[PDB]
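For reference, the chain that follows is the form deposited in one PDB entry, supplied as structure tokens.
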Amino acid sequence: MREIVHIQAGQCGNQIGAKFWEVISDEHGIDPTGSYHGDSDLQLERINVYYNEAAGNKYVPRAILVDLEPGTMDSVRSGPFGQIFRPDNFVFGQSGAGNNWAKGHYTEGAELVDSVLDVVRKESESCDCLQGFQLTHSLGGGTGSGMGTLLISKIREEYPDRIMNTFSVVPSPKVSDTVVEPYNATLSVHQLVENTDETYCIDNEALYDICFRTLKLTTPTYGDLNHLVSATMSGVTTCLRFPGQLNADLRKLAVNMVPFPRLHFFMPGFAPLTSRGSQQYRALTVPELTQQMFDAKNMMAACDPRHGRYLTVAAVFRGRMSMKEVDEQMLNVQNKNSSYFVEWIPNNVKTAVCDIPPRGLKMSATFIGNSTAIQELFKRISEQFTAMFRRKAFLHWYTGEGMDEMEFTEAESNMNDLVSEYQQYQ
């Protein structure tokens, strides 16, 4: 009854989308050919939320893959589970954005956005009642940032009453991948603060921290980080696909977590996460899950939650569990750390419980936190942008594409206003 469409932009977006679709197919018992092979009918009752029935009992994911270079598209086509995607959904260009926001937003993005919007319009018209849109992309790149921004703007113009979710990776604090990262990040945030409903900020350094300290992984690989992100993504929308005691869809989480429209930047977390040698040394119960949530070590954003205050918190639990334990433990964790919770919002925590746990686990849970410590990341990105723009470095690359310095100034001012607001409500 409720439908979710998927969009993947850029190399990072495509890779996370591939991992997420593999995880979802594993959950629903669908083999890489599109034929259902599960046992429990619960895997099939709400399968339409992510899959389309295309005759012959074959299910095709409701996804659109977008990129300005064929490389990642070819890699995802040739890789595992690359067959199930519809060949018409692969919309790819030839030039490539070259890690430039202006190229992906103004030059090549303008050319490709018409075809991408046509495909997304056909997909949305094919469904009965879409819940909303979700997009995976990066804010440091040229294809991801600019193209996903233009796409979000176009859909928000077309479908104003639907939910827009994004799972975007923000630039890392310590070591950067691209030289021009701050420009793209600042412009992308400038557009996101207006054109989206909720954003989940992911940091690669946080994922490395998790994989090293918590998962005891000797040699982490990008596949593992995408695995963690996909686990979070599956955890968020679990109540739309399986029955439970207390159900919460995307709109419920939105109405519970964002008090003011510009304050919709969340940090996600997942539990449990244990190494190979450490499974035997813990009894998997609700106390351990809720302890693993409220911990800076387990956060997927490179921001310390104890440097600020939580505005709202959402905890989505999966598995057969007792509601009394959940409620009393949320109350207890609120009581013990009252210094980290905003005083003028009683009951900062919103709860939801789903009966079906992920395959292989008896219990699992997903944490979404709207804290004011994201001001640190925004502040440092703004500071780097100011340092670069002071000397007009790399400015001709963006200016030659038709961009103006006024756009840079507007983006800087908007980020400063947002950090001012986040400091104000602290």
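Residues carry their position along the shown sequence, with the first being 1.
Just so it is clear, the following notes concern the form solved in complex with a partner chain, a form of the same protein that is not shown.
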Query raised in the report: Should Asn414 be counted as a contact of the partner chain in the entry with it bound, where contact means heavy atoms within 4.5 Å?
Result: yes
Query raised in the report: Hey, in the entry with it bound, is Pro261 touching the partner chain, heavy atoms inside 4.5 Å?
Result: yes
Requested in this report: Give a yes or no on whether every one of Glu22, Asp26 and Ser40 sits within 4.5 angstroms of the partner chain in the entry with it bound by heavy atom.
Outcome: no
